[PDB]
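J.: Can you keep this structure in mind? I'll have questions shortly.
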Amino acid sequence: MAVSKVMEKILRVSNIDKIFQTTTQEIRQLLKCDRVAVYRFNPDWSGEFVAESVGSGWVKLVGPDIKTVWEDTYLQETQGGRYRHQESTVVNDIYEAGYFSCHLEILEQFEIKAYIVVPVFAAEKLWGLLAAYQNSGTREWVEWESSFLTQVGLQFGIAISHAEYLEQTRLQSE
Ligand SMILES: */C=C/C1=C(C)C(=O)N/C1=C\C1=NC(=C\c2[nH]c(/C=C3\NC(=O)C(C=C)=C3C)c(C)c2CCC(=O)O)/C(CCC(=O)O)=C1C
């Protein structure tokens, strides 16, 4: 077996897209929520949704023909917000959160009423965000839900780190 292929097998990251897809579904089922999504930052701290599980009837953000970019002004200004410092955000009702109109408009376009978002770190860098969304109504999230999502964020982060590691072994022999 080829070195890079044995590694891939040891680090458990054959096919990171399938990992994201199946895991977001499993989380969505556990949390009984309406969407679970993985969002990847661009160097300018804009970014896009790369994977999701989404319930019956809600707008889809990921797919063959779809591409959902969210350039968030606040996250761009701050280079990843509080998520840089490994903090999580828990919002039971977006209308009680004290947001600005233009941010609320984006949340409404995604049919979000309540959500959790946690960091996804790759190496020591903030790579993206993992979020769970309630679309049907407000929701009072509980600590086990947000601590678990945080724990999955760590899992996704390491998986991405393995993928970047393997990628960045670009053209060394052995
Ligand atoms: C009003 C200009 C803005 C445009 C256009 C825009 O897209 N965002 C704009 C402003 C603000 N965003 C603010 C906070 C904020 N943004 C996000 C981003 C996401 N949430 C997610 O679920 C995903 C994808 C998984 C992204 C990319 C987050 C997490 C937050 C933090 C919310 C919080 O801490 O509760 C923001 C500050 C809050 C506000 O005053 O509205 C502004 C102004």
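Ordering of the structure tokens sets the chain letters (A, B, ...), residue numbers begin anew at 1 in every chain, and ligands are numbered from 1 in the order given.
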At a cut-off of 8 Å around ligand 1, and using only C-alpha atoms and all ligand atoms, what residues come up? Please write them as a VMD selection string.
T.: chain A and resid 37 to 39 46 to 49 70 to 75 81 to 82 89 to 91 97 to 104 106 115 to 117 128 to 133
J.: Mind listing the alpha helix (DSSP H) residues of region 62-160 of chain A, per DSSP on the backbone, as a PyMOL selection string?
T.: chain A and resi 73-78+101-109+143-160
J.: Output as a PyMOL selection string all residues of chain A that backbone DSSP marks as strand (DSSP E).
T.: chain A and resi 35-41+47-54+89-91+114-122+125-134
J.: Check the smallest atom-to-atom distance from each of A:16, A:123, A:112, A:50 to residue 157 (chain A) using only C-alpha atoms, then report the winner.
T.: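 Among the listed residues, the smallest separation from residue 157 (chain A) belongs to A:123.
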J.: Counting only C-alpha atoms, what is within 9 Å of residue 120 (chain A), bar same-chain residues fewer than 5 positions away, as a VMD selection string?
T.: chain A and resid 38 to 40 83 86 125 to 130 150 152 to 158 160
J.: Go ahead and compute the interatomic distance for CA of residue 94 (chain A) and CA of residue 113 (chain A), in Å to one decimal.
T.: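 Taking CA of residue 94 (chain A) and CA of residue 113 (chain A), their separation equals 5.7 Å.
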J.: Can you tell me which residues surround residue 6 (chain A) at a distance of at most 12 Å, considering only C-alpha atoms, apart from same-chain residues fewer than 6 positions away, and format the answer as a tab-separated table (two decimals) with N, CA and C atoms, in the first residue's frame?
T.:
chain	number	residue	atom	x	y	z
A	12	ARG	N	-8.41	7.75	9.59
A	12	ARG	CA	-9.86	7.54	9.44
A	12	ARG	C	-10.53	8.67	8.66
A	13	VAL	N	-9.93	9.05	7.54
A	13	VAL	CA	-10.48	10.14	6.72
A	13	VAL	C	-10.46	9.83	5.24
A	14	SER	N	-10.86	8.61	4.90
A	14	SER	CA	-11.30	8.35	3.55
A	14	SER	C	-12.66	9.03	3.42
A	166	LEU	N	-2.86	15.58	4.71
A	166	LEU	CA	-2.66	14.64	3.62
A	166	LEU	C	-2.51	15.40	2.30
A	174	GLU	N	7.89	9.54	-0.72
A	174	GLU	CA	7.94	8.62	0.43
A	174	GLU	C	6.97	9.06	1.50
J.: Between CA of residue 92 (chain A) and CA of residue 118 (chain A), measure the distance and give it in Å to one decimal.
T.: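 Taking CA of residue 92 (chain A) and CA of residue 118 (chain A), their separation equals 14.7 Å.
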J.: Just to confirm, what's the straight-line distance from CA of residue 137 (chain A) to CA of residue 114 (chain A) in Å (one decimal)?
T.: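 Taking CA of residue 137 (chain A) and CA of residue 114 (chain A), their separation equals 7.3 Å.
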J.: Fewer than 5 positions away in the same chain doesn't count, so skip those; otherwise give me all residues within 7 Å of region 20-28 of chain A, counting only C-alpha atoms, as number ranges by chain.
T.: A: 33-37, 51-53
J.: Extract, using only C-alpha atoms, all DNA, RNA and protein residues at most 12 Å from residue 172 (chain A), discarding same-chain residues fewer than 5 positions from it, and format them as a ChimeraX atom specification.
T.: /A:3-4,166-167
J.: The selected residues should be written to file as a tab-separated table (two decimals), in the first residue's frame (atoms: N, CA and C atoms).
T.:
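The resulting file, selection.tsv, is shown below:
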chain	number	residue	atom	x	y	z
A	3	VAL	N	2.22	4.98	0.83
A	3	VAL	CA	2.33	5.67	2.15
A	3	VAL	C	1.10	6.56	2.41
A	4	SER	N	0.83	7.51	1.49
A	4	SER	CA	-0.29	8.46	1.68
A	4	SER	C	-1.62	7.73	1.85
A	166	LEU	N	-2.86	15.58	4.71
A	166	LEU	CA	-2.66	14.64	3.62
A	166	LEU	C	-2.51	15.40	2.30
A	167	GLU	N	-3.38	16.38	2.09
A	167	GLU	CA	-3.28	17.29	0.94
A	167	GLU	C	-1.89	17.90	0.91
J.: Between A:15, A:109, A:76, A:29, which is the closest to residue 59 (chain A) once you count only C-alpha atoms?
T.: A:109
